[PDB]
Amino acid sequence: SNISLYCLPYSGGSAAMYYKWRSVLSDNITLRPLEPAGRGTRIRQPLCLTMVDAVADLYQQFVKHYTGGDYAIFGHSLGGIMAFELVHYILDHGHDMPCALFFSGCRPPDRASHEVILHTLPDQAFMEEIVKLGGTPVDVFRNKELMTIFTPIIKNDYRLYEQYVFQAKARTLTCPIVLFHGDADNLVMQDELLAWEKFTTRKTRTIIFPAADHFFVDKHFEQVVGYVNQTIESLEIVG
């Protein structure tokens, strides 16, 4: 059979971070990067206003290639919160349960709080703070051209994650959850990820990348896809 893997990017990111995944993903996995509005291929679209609007926006993307087969969802950081909210929104529409879900660099949705509200800082102070936190690569201040166009986009995505307020759901997921974590990640508290297990009736599994920061998802993408591959291959054998 075939399975489509929908991938959501981190804050400030675009679907193109996942284009390179097509060189390691299993041959019966169809890559389906989902482009959030206002960046990448959807740069002309207004930026989302609230998490619920951003989820409705991605669902419209989802239903451009979704015909009822098997599927999984991967998201990194904000993309992981959006993946969580999006799956329940898909289920609220009457679609089937995904095969598996991957939440990378993502604290549990009931604890996905910001210890600080950064999005209300002046642009200059915001970008210095997120460079300090490892919430974007430090080579971003090199090109000040790049920063001008880029700052509104990443600041909006921080606004979405900071104003996010978890509300419990009408259902427990019934698929496996896989969690990806870089042990040197300052924005994800390893101890907290145990709060992820109540959100599915199946096994949660955690994979820690040694000597890896927030952006292990790009630097070690081949290993991440190695695990996505083994998760899906393992479900094709035993369900």
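Numbering starts at 1 and follows the sequence shown.
- The PDB entry reports B-factors from which the mean C-alpha value can be compared for 87-95 and 147-155; the larger average falls on 147-155.
- When the two stretches 70-78 and 118-126 are set side by side, the higher mean Cα temperature factor goes to 118-126.
- The PDB entry assigns the greatest CA B-factor among 179, 51, 189, 58 to 189.
- By the numbers in the PDB entry, the CA B factor is greatest at 210 among 46, 210, 40, 33.
- Per-chain ranking of the deposited C-alpha B factor places residue 133 in the highest third.
- In the PDB entry, residue 101 places in the lowest third of its chain by CA B-factor.
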